[PDB]
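# Summary of the model geometry
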Amino acid sequence: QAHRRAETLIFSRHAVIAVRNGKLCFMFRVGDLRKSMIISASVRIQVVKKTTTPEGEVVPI
Amino acid sequence: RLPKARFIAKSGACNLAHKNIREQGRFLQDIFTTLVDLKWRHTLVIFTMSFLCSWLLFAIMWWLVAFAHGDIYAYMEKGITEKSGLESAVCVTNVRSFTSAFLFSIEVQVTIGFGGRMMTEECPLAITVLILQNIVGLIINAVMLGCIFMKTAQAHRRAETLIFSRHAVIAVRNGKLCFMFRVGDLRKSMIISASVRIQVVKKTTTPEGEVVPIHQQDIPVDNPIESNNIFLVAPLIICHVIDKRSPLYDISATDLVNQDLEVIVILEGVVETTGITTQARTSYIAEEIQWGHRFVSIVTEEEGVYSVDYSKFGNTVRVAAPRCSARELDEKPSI
Amino acid sequence: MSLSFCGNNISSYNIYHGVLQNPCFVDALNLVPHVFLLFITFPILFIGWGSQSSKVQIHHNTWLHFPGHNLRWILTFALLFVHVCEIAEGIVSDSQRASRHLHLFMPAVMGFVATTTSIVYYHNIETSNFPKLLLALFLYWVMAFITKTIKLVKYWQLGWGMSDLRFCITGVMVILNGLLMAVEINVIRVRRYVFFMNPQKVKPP
Ligand SMILES: Nc1ncnc2c1ncn2[C@@H]1O[C@H](COP(=O)(O)OP(=O)(O)OP(=O)(O)O)[C@@H](O)[C@H]1O
Ligand SMILES: *[C@@H]1O[C@H](CO)[C@@H](O[C@@H]2O[C@H](CO)[C@@H](O)[C@H](O)[C@H]2NC(C)=O)[C@H](O)[C@H]1NC(C)=O
Ligand SMILES: [K+]
């Protein structure tokens, strides 16, 4: 268990919103430091919010 | 005088150069990480160097321990056999020379222990250094044994061997253009869950100020189920048609002779014997993109059983093709 | 008959009168630090840092200077010169004596190779970014210094002549080791175990 050192994926401190290709866009920066590549990578972006429902149920997170 | 900078050399190995880096350091835990992975030439030296060092070091320690207690005087100077009777005061029975201390340290650490050099109960420092030497010997032994087993675990994997053809093509399939390379495999075990992805690298400005210097779009590979997988035993031809959505749609027969295109291809998957993920990558600059040339049939059914003839892996033959653009060919029927 | 590090003379190892007031035991004690520094600095330099963190193209000769680097090379060359002089005096004296008496010059040779290894270790550990290891070197000097002192003071108790070649030749080693120790201390602030800024700035080709 010595091959591992630590996480090496780096995000931007701040976001960005702008207009690209005619419409509004949300941005974020991702970079890597480890020399070895990262195969079969994937990303997911989710919105976390307190919601409402017409029937009445409310999901906090 | 240099040619345009290439994103990926023919042997993979993305040749970018990150500078302005917040250099942490080493943490002294890097040394052990390096040591666990060395070419076998060295791990039959660091073994010998470690063992021989530790032996010699503890030998000198025994020499000084015996020397300062006056034993060596009693052995060397006093009567050899008859004139002298041992006072039993000695610290380590019958070690009267340095080489004797060497042949004692070997015994005390490789667990041989012949028994001609016993450990008496007089000198407490001797027992202390015996405990210390034995502990150090065990720690070194366990570390070396674990290193040897680790470097016997990695005897299966050797190197990624997945062979892409030298230069791609662009031809006509089903009344529409295409763009083909040729993947292949060498060793016995097939690939599992193999996947293919094609990215085109370009400098594409935008109508809203942003100018991404080296930006990489993804384009689909031809498949009747829209699945990027592929099951290969004999070399395949992973085509990728061109259409209005595709970026190569504005390519031209003459403009490609001086154009900024970069079609990298990446292929991922595992191997049954190793059970380890892997991938292989390559790139196709405009200079090695032919035109009109199509690939050659390679498989011929012999008398007994099918044969794939690597003799002509990347050979290409010319065939009819129009010199107009993709948008020209798809512009109008008469076009 | 073979090598006798204490002189092949009976009672030359008779330690009955005093524990460390012997001509050869002091020499052996002085020898020990080299036979420790070599065997704690051979493989560490042998198995260099090969792990991948950021990239492979490091700035060639990145930290060309080191804190206090100006003295180091000249001081260690002077140390090599004085070791050469010591080995010379011992070897010239050897032919007059009866037995081999390795105590005359074996420590000198071991110190010669130890000092050369120290220079190599300094250069190979400073040029590359890994000063956290350099602390080990400091220990050596302390050890070595003590042993060297453990020699000189005793000679004064024996009061060897100031005009004698051997005492005068051996005197300067203590001062050289002290200056080297101070040099190693002065770069103690940037990289050490604790309470230091340990600021990181890359240097231009
Ligand atoms: N040159 C660099 N080398 C390595 N990592 C970096 C570098 N620049 C930024 N990072 C990492 O990116 C993250 C956010 O960096 P950011 O873009 O905010 O630069 P910054 O404002 O200098 O960051 P910080 O405020 O943490 O110094 C941080 O966690 C940092 O570790
Ligand atoms: C080495 O062995 C010789 C054998 O002669 C010892 O000779 C000493 O010589 C001095 C000269 O006055 C005298 O004290 C004695 O002849 C011997 N000294 C004694 C018995 O103490 C000599 O002792 C040995 N070397 C040493 C340093 O003691
Ligand atoms: K045993």
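Residues numbered from 1 in each chain as written, not as in the entry; some residues may be left out. Chains lettered and ligands numbered in written order. Part of a larger assembly, values for the part shown. Heavy atoms only, no water. Residues with missing side-chain atoms left out of burial classes, pairs and counts.

Method-wise, the PDB entry is recorded as coming from cryo-EM, at a reported resolution of 4.0 Å.

### Focus: the overall build of chain A
Inclusion rule: Every helix listed is a DSSP run of H or I at least four residues long, and every strand listed is a run of E at least two residues long, numbered separately from the N terminus. Here the globule rule is a power law, 2.2 Å times the number of residues to the power 0.38, and the radius of gyration is based on C-alpha atoms. Should any heavy atoms of two residues lie within 4.5 Å, those residues are counted as being in contact.
The number of helices and strands found in chain A is 0 helices and 4 strands. Beginning at the N terminus, the succession of helices and strands in chain A can be written as β-β-β-β. Over its C-alpha trace chain A gives a radius of gyration of 18 Å, far above what one expects of a compact globule, namely 10 Å for 61 residues. Reported as C-alpha extents along the three principal axes, the dimensions of chain A are approximately 55 × 40 × 25 Å. Of the contacts formed within chain A by residues at least 6 apart in sequence, a portion of 11% connects residues at least 24 apart.

### Focus: the pairing of strand β7 (residues 262-271) of chain B
Residues and elements named next belong to chain B. Applied cut-off: By the convention used here, strands pair only if DSSP detects at least 2 bridges between them.
With 8 bridges joining them, strand β5 (residues 191-205) and β7 adopt antiparallel strand pairing. Its bridge partner lying in β7, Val-200 is registered against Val-263. The sheet contact formed by β7 and strand β8 (residues 277-285) spans 9 bridges and is antiparallel. Among the inter-strand pairings, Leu-267 is bridged to a residue of β8, identified as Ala-280. Hairpin connection between β7 and β8: a loop of 5 residues separates the two successive antiparallel strands, and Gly-275 in this loop has a positive phi of roughly 60 degrees.

### Looking at the sheet that holds β8(B)
Residue and element names in this part refer to chain B. Here is the rule: In this analysis an axis means a line fitted to C-alpha atoms, helices contributing only their contacting stretch, and an angle means the value between N-to-C directions, from 0 to 180 degrees.
Read across the open sheet, the 4 strands follow the order β6-β5-β7-β8; overall the sheet is antiparallel. Pairing within the sheet leaves two strands with one partner each, and these edge strands are β6 (211-219) and β8. Neighbour to neighbour, the strand axes of the sheet diverge by 25 degrees on average, direction disregarded.

### With respect to the interface of chain B and chain C
Selection criterion: Classification convention: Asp, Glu, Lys, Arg as charged; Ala, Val, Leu, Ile, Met, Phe, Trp, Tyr, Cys, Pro as nonpolar; all other residues, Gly among them, as polar.
Taken residue by residue, the interface counts 21 residues in chain B and 25 residues in chain C. Contributing elements (two or more residues each) for the side of chain B that touches chain C: α1 (30-36) and α2 (46-68) of chain B. Residue contributions to the side of chain B that touches chain C peak at 8 residues, all from α2(B). Residues that form the side of chain B that touches chain C fall into these classes: 14 nonpolar, 3 polar and 4 charged.

### Topic: unusual backbone geometry
The phi dihedral of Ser40(A) is positive, around 60 degrees, even though this residue is not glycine. Along the polypeptide, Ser40(A) turns up in the segment after β4 (30-32). Even without a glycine there, the phi angle at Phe195(C) is positive, about 55 degrees.

### Some remarks on the state of the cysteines
Heads up, the condition is: When two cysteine sulfur atoms lie within 2.5 Å, the pair is treated as a disulfide.
The disulfide bridge from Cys91(B) ends at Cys123(B), spanning 2.0 Å between sulfur atoms. Between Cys91(B) and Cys123(B) the disulfide shows an S-S torsion of about 100 degrees. By sign, it is right-handed. Of this pair, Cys91(B) sits in the loop between α3 (71-76) and α4 (98-109) while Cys123(B) sits in the loop between α4 and α5 (124-153), and the two are 32 residues apart along the sequence. Put simply, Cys6(C) and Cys24(C) are joined by a disulfide, and their sulfur atoms are 2.0 Å apart. Looking down the S-S bond of the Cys6(C) and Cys24(C) bridge, the torsion is 85 degrees, so its handedness is right-handed.

### Details of the interface of chain A and chain B
Often the size quoted for an interface is simply the accessible area lost on bringing the parts together. Every contact between the two is made by 9 residues of chain A and, on the other side, 13 residues of chain B. Looking at the side of chain A that touches chain B, its residues break down into 4 nonpolar, 4 polar and 1 charged.

### Some points on the environment of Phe179(B)
All names here are of chain B. For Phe-179, the position within the fold is in the loop between β4 (176-177) and β5. The spacing of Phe-179 and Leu-248 is 69 residues in sequence and 9.6 Å in space, taken between C-alpha atoms. Apart from residues lying up to four places away in sequence, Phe-179 is in contact with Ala-168, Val-169, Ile-238, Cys-239, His-240, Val-263, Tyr-284 and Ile-289.

### Describing the packing of aromatic side chains
Heads up, the condition is: For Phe, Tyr and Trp, rings pair up if their centres lie within 6.5 Å, where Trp contributes its six-membered ring, and each pair is then called stacked (planes under 30 degrees apart), edge-to-face (over 60) or tilted (otherwise).
Ring centres of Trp62(B) and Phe104(B) lie 4.7 Å apart, and the angle between their planes is 85 degrees; on these two criteria the pair is classed as edge-to-face. Within this pair, whereas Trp62(B) is found in helix α2, its partner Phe104(B) is found in helix α4, the two being separated by 42 residues in sequence. A connected cluster of aromatic rings, assembled from ring pairs, spans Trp63(B), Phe67(B), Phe98(B) and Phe5(C).

### A few points about the side chain of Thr8(A)
All names here are of chain A. Applied cut-off: Whenever two N or O atoms come within 3.5 Å, that pair is a polar contact, provided that in protein one can donate a hydrogen and the other can accept it, and provided that, for residues adjacent in sequence, both atoms are side-chain atoms.
If you trace the backbone, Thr-8 turns up in the segment before β1 (9-11). Among the polar contacts made by the side chain of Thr-8, one reaches the side chain of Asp-32 at a distance of 3.4 Å. Within the structure, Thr-8 has its side chain in polar contact with the side chain of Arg-34 (distance 2.5 Å). When residues no more than four places from it in sequence are discounted, the contact partners of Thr-8 are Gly-31, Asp-32, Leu-33 and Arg-34.

### Side note on the pattern of salt bridges
Heads up, the rule is: Here, a salt bridge means any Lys or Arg side-chain nitrogen found within 4 Å of an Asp or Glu carboxyl oxygen.
In this structure, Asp32(A) engages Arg34(A) in a salt bridge whose closest nitrogen and oxygen atoms are separated by 4.0 Å. Three or more residues are tied together by salt bridges with common partners; here these are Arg6(B), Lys10(B) and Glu288(B).

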